[PDB]
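Derivation of every value follows stated rules applied to the coordinates shown; laboratory data play no part. Positions of Cβ are generated from backbone atoms using ideal geometry, with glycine treated the same way; all protein chains shown enter the neighbour counts.
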Amino acid sequence: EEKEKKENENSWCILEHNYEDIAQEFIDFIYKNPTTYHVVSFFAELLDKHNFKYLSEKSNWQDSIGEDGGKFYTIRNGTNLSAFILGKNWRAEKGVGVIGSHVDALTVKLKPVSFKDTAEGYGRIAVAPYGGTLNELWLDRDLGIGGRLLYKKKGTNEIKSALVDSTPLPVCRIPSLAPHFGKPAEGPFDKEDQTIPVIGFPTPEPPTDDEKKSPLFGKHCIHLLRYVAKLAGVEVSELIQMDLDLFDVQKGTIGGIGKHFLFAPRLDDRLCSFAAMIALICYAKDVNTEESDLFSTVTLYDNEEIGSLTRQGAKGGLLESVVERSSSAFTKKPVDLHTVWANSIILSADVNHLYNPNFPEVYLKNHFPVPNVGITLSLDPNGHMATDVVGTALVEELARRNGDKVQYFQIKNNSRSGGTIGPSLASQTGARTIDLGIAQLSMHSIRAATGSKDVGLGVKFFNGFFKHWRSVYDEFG
Amino acid sequence: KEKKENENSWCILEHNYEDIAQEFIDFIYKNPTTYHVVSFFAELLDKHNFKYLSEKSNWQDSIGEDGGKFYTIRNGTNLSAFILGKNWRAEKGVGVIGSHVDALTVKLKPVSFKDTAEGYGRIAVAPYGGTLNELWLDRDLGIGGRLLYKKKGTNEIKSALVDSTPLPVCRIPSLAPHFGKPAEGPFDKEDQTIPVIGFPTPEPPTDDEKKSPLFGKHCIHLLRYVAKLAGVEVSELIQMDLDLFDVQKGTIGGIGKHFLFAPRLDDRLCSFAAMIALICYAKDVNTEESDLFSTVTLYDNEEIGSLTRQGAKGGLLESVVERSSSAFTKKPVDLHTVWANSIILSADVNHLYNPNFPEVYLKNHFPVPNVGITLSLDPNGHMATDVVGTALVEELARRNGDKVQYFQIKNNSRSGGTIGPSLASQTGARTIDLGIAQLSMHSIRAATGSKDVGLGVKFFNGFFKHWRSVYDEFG
Amino acid sequence: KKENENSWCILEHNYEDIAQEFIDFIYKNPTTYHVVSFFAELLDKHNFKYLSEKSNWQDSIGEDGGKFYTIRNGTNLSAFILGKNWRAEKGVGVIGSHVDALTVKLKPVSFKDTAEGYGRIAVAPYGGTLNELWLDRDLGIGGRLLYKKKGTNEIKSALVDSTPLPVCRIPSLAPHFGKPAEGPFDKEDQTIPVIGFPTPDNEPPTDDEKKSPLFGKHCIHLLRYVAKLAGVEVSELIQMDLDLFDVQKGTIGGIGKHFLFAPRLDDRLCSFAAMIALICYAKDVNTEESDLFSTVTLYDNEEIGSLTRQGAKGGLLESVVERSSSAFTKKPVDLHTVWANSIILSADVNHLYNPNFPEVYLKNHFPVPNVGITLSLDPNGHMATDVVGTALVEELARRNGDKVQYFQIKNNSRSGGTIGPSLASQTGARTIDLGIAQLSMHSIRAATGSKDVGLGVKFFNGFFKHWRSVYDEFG
Ligand SMILES: C[As](C)(=O)[O-]
Ligand SMILES: C[As](C)(=O)[O-]
Ligand SMILES: C[As](C)(=O)[O-]
Ligand SMILES: C[As](C)(=O)[O-]
Ligand SMILES: C[As](C)(=O)[O-]
Ligand SMILES: C[As](C)(=O)[O-]
Ligand SMILES: [Zn+2]
Ligand SMILES: [Zn+2]
Ligand SMILES: [Zn+2]
Ligand SMILES: [Zn+2]
Ligand SMILES: [Zn+2]
Ligand SMILES: [Zn+2]
């Protein structure tokens, strides 16, 4: 009972040097929450279990947050979440300790009309890529279906939503052509005409009159509508709309001959999102908000893989909104947000690239990370990352204090860089922003890899950030 | 009787789609530049009892507890009209239609002067967006836009709009195919697609005309002409912002009159439909009794990416809502709560199925003429439309008796972007990309359905009436 | 006193002194850090009070207004003068420029193994550097060191500069070797700075030196060198952000001394000219009497797209005006009214006519040396300049006795973009892109007219004196 509670804290927050348990919780998390909707829902439920109070965006917060502050979260669009801890003794000059990550991952979306005519008896579905999917890595993979259904119960005018998930059933697969056929079997393949998921081969019930009353009748195969309705526990007639993903249902696993690796889908950026959220929860356990003088948050964004210019992406400003609304409700007096942000540190936590020993020519000597060491700073002099000399120094100081190791990633001068939310958050807030993350192999694959210790090592680092960033940043004044 | 007949034609109350189609054609023809379009809507708003508010003055003394019907203009090319009900509160949100009034055109260069070329007069021009291609060759081009002038013996700089219509002052002449390879396009936009304005025979500049700041920057024939159109002296002209545009008047067409052919549909088609819908809706709205905040905001510079003060990224919508709500309550307004409860229709024209290019249209995701409004859907952020917005629009249409169509690109194709994503992130409000579909977007002369203007007006009117009620189903 | 004012502020037609001060400024302040520090020291000497971003400005700015400046990141500076009689309807008179220039940055780990005895350092390009123009140039090293004195927990900053010593040179391969000596060259493997060729008798690292966080990240000779320049121990070094730059001092040139040759003109030329205009202007402003709000805001990261906290998109201008106006009045300020009445000059260098490349310059739309400020015009959103802005600057010039030139690209050419569109969009204010024209933009060593620095200062000084009065004629 009491020993199990101590052992639980030790596993989740790596207090007894137990990295294996947190690695498995991450794997289970990825497997049980295939879509962005599931991930945000998982964290929402996690936050409820650790006494964070949900606040709706749709209502003013002046009545919900008082002088004692506390632990809160809000959700936008079901895909964009911000959790935060506000201290009774917080002032504008203390700033905010932020970790910003994204919860969207490369996937395949069902088209608004997924219906395709049968092709020599084969059932197929019309889909679209979200980011750079539907390539050769997506061929011959077991694909489940899941996401958000919108429904309206009979004899009501309420539109409600349900999350669905076929796991472990792979409902479809994108079949490669056998190499025996020659040149037609050689990639790359047309994302509209060639990489189409095969969902069935049915044999010889037709649609009922009630099923035909569904808004989605004609838009999707009657078998599909029946299936998702059964998963949701509603009638076909009640289905209003849907937003469904196809995703790899292969469960993650520890691997390598010495178990040094973790293989799993959708690491970018659910890896950092998970580690940052668990760190927040671990940190929150020992925070009395009545005595604290800090403002801490993890904010999770959608649509980072498509450039962040949506209301649920980093450019939509959920962070800025949360800090403005909370501080207004907290003090009930004029808060200078420019002073707030000038004293803040934002960690833009996004996965970066582990050294791949089979492609040494793309990695910059002395500026790549390796597995199971620690967090990696993303450095770039051309604005792809927001990291600057003070932020580098802050993180290195933090790590030396907390016993963490820090690695570097920067591109070769003849190479090219990805871009993160970091520059966007820095510009929108005016606050010093540091791009960093847990490094991984095979980013944007359907199944990626990181170190087996790296989930725990990330949790450890981010926990130390929340504990010590304010004290460390004060050295620079 | 006359007022009942006008309401039927303009607001499609008696099922009359012909008249509103003709008014749209007349509107496009009579207002060739963005300046003219904004001026048209300003005059229209004045006639329906909307009060102009200047951006340069604080609105607290102009808007009170009763709210009302208002509009404002930035740069002469960015206009926001709004209806603020006396019983509005932050949790009601705002119902917004955002469209753009800029269209592909050709601009006179700051110095339009060119030396005569074997006797031919020509003017130096620049493309605004993807113009000066083969579709702009051999078209009758009028000249028009904004002149800035200063009356002689005064210091004030004033504005006049000018328009040569029906006179086409110039034409970009194709080379006869007889000459062979030189006559094959594409053509150089600087050296080959140059408007020919005249061929003058053997008065030189007077001493007064030389006092013009524009003397030497434009041909004296041109300066005299635009001076005459504005009713000012050449000496008084300080600057100008002039377009060249197709003066071919729009028309109903097709063997069964199913089509409307007209220039500059992108996006004056949705802008007109949304604005007429707002005026129709406003006729039956008592602002003393209303609990809603409704707006149509019209932007400039969308075709060049919206990053100007008069484009979507310049934030006129957000400013209007902030200034209105501060003046209205005279107390702190939670603008985050306002936008969280809002719906933005990003109304921009999308693509009708072209039966001659079936390979670029996505099966089950193309619109056809004369059916209804088309949702623009995109999973990679080119459009702001999401699952809830789709369901909302479909719910709204089922209630109002409208039809809804889909547009989405093929996976192996390419998509343009709209202001929708910009508005969504700037406000944090759910934004829905949709519009009236058309053929031949970005041509000098495009086409849509002859009923689509009226169908568009009907849908947007339905939006203003029922969006709040329908969106409450999702809460 | 009068001789100093006449030299700096060009009051007795002395253009050579200010040109030489500019050359000295460029030579003594090679990095963005030095440039901001130079302007900070200049502002201090002219009685502008420094305000930290990290504290509320309520206790530093009162109803009297005054002369102030603030700094973000050591590279983003905003200086401003706020009049006691200022109100929202007077707006703000803004010059916005950038102080970052194309350079070469040391990598976070600059260490390289010796290569047949040669010492080299690992570096990266900031903008389009490490090309053939960067070969065979004498390169100095300088920038910001972070250190922590022994027995303290205080991270402090020091600026270092090797000038006149060129520590580095990127050596071209001799043409004798043939094809390998033909560019372009790989920026990672071929354009690597050579820093030395050490001999055995450069001592081994001491135990204290090994305690540095930077031990292993840079070779010990480099660490010892930068420690000696800052006056600290190697062990105390925490981090560094260092540039490589041309140490060739600028000069007046041409057979008639019509030119000025110097490195890093983009955009320290306009920044210097704008800042000196502000100080010259500020000498005769009594803030107790003034009703104006004036600012020069200097940005970092313009050359890489401005999307950082210290770039234009980070909003230091907007922040300055909001914080100032809040502390100034303590009765709420309508910022939308403020910006609606404002003028922003986006002052960034544009392109002088290069007579060797006539084919890329647009006839009647290029500037020449020693005439005056050049308006940057573009109808596709690369610049923010509009017809009213053009007329304002021309009016202003006519009143102050300045000359104005034009720059616009040919229809078949390509344009760069400035911060102008960003600033116009973020504020909603009318923004005018203009600048002092130069040859050879983005070279390691560029050129402008020898009179153009003074002509720039004179024009910008005229702007601060007269912009409010002139813009009132357009109302
Ligand atoms: C050669 As193919 C278009 O079938 O990948
Ligand atoms: C766009 As990314 C840095 O999540 O691969
Ligand atoms: C070959 As050509 C420039 O006359 O279209
Ligand atoms: C830039 As567009 C969607 O108006 O063609
Ligand atoms: C031809 As080479 C890559 O040595 O510049
Ligand atoms: C990006 As630029 C207009 O300073 O060359
Ligand atoms: Zn990614
Ligand atoms: Zn990522
Ligand atoms: Zn368009
Ligand atoms: Zn459009
Ligand atoms: Zn530049
Ligand atoms: Zn520049």
Checklist entry - Which of the peptides C:329-335, B:162-168, A:174-180 is most tightly packed, and how do the rest follow, going by the mean number of other Cβ atoms within 10 Å of each residue? => result B:162-168, C:329-335, A:174-180
Checklist outcome for this item: Note: the protein assembly as shown, point scatterers on Cα, Debye, no solvent; log10 I/I(0) at q = 0.05, 0.08, 0.09 Å⁻¹ equals -0.40, -1.10, -1.42
Checklist entry - Where in the stretch B:345-407 are there GluC sites (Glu not before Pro) that are in a DSSP coil and have at most 13 other Cβ atoms within 10 angstrom of their Cβ? => result none
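Taking the convex hull of the alpha carbon atoms in chain A, what volume per residue do you get, in Å³?
That works out to 176 Å³ per residue.
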Next on the checklist: Let me confirm one metric for peptide A:395-408, namely the mean number of other chain beta-carbon atoms within 10 Å of its residues' beta-carbons.
Outcome noted: 1
Checklist entry - Which stretch or stretches of the stretch A:321-336 have amide N atoms under 20 Å from the point lying 7 Å from A:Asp68's Cα along the Cα→Cβ direction? => result A:326-333
Checklist entry - Roughly what % antiparallel, to the nearest 5, for the DSSP beta bridges in the protein assembly as shown? => result 70
Next on the checklist: Need the C-alpha centroid separation for the stretch B:52-110 versus the stretch A:415-455, integer Å.
Outcome noted: 40
Checklist entry - Over the stretch A:314-458, what is the percentage of antiparallel beta bridges among all DSSP beta bridges, to the nearest 5? => result 20
Checklist entry - Along the stretch C:260-266, what does the Karplus equation 6.51 cos²θ - 1.76 cosθ + 1.60 (θ = phi - 60°) give for ³J(HN,Hα), rounded to whole Hz, x for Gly and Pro? => result 10, 9, 6, x, 6, 5, 7
Checklist entry - Going through the stretch A:205-274, which GluC sites (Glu not before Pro) have at most 14 other Cβ atoms within 10 Å and a DSSP loop state? => result none
Checklist entry - Going by average Cβ neighbours within 10 Å, how do the peptides B:184-194, C:257-267, C:117-127 rank, with the highest at the top? => result C:257-267, C:117-127, B:184-194
Checklist outcome for this item: Total charge of the residues flanking C:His365 in space, meaning their Cβ is under 9 Å from its Cβ, with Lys and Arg +1 and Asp and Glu -1, is +3
Item to check | 10 °C / 1.306 mPa s Stokes-Einstein diffusion coefficient of the stretch A:374-441, Kirkwood radius on C-alpha pairs, µm²/s | outcome: 126
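Using DSSP, restrict attention to beta bridges with both residues in chain B and report what percent are antiparallel, rounded to the nearest 5.
65
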Item to check | Solitary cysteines of chain B, where the nearest other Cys Cβ is not under 4.7 Å | outcome: B:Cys170, B:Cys219, B:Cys270
Item to check | Distant alpha-carbon pairs in the stretch A:106-250 (separation over 19 angstrom), percent | outcome: 54
Checklist entry - For A:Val198, which sequence-distant residues (separation of 5 or more, or a different chain) have an amide H within less than 5 Å of its own amide H, given hydrogens modelled in the peptide plane? => result A:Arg173, A:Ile174
Item to check | Formal net charge of residues neighbouring B:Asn411 (Cβ-Cβ distance under 10 Å; K, R +1; D, E -1) | outcome: 0
Item to check | Average partner coverage of B:419-430, which counts Cβ from other chains inside 10 Å | outcome: 5
Item to check | For the stretch C:97-103, 3J(HN,Hα) per residue [Karplus equation, 6.51 cos²θ - 1.76 cosθ + 1.60, θ = phi - 60°, Hz, x = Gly/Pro] | outcome: 9, 10, 9, 6, 9, 3, 8
Checklist entry - Which whole number gives the average count of other chain Cβ atoms within 10 Å of the Cβ atoms across peptide C:153-160? => result 3
Next on the checklist: Sorting check: for C:385-393, C:12-20, which peptide has the highest mean count of neighbouring beta carbons within 10 Å, and how do the rest follow?
Outcome noted: C:385-393, C:12-20
Item to check | Restraint check, B:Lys30/B:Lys410; A:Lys412/C:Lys156; A:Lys412/B:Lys313; A:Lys71/B:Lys86; A:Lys32/A:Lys259, Cα-Cα greater than 26 Å | outcome: B:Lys30/B:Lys410; A:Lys412/C:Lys156; A:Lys412/B:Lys313; A:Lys71/B:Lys86
Checklist outcome for this item: Per the beta carbon screen (other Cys under 4.7 Å), unpartnered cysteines of chain A come out as A:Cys172, A:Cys221, A:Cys272
Next on the checklist: Could you derive backbone 3J(HN,Hα) for the stretch C:31-42 from the dihedral phi with the Karplus parameters 6.51, -1.76 and 1.60 (θ = phi - 60°), listing whole Hz in sequence and x where the residue is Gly or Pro?
Outcome noted: 9, 3, 4, 5, 4, 5, 5, 3, 4, 4, 5, 5
Checklist entry - For A:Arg173, what is the net charge nearby, where nearby means another residue's Cβ is under 9 Å from its Cβ and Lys, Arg count +1, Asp, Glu -1? => result -1
Item to check | Where GluC sites (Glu not before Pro) fall in DSSP loop in the stretch B:255-358, at most 14 other Cβ within 10 Å | outcome: B:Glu288, B:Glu289
Checklist entry - In this model, which of A:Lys365/C:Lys149; A:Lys153/A:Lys213; C:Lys54/C:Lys148; A:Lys58/B:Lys465; A:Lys333/B:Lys51 are farther than 23 Å apart at the alpha-carbon? => result A:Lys365/C:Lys149; A:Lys333/B:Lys51
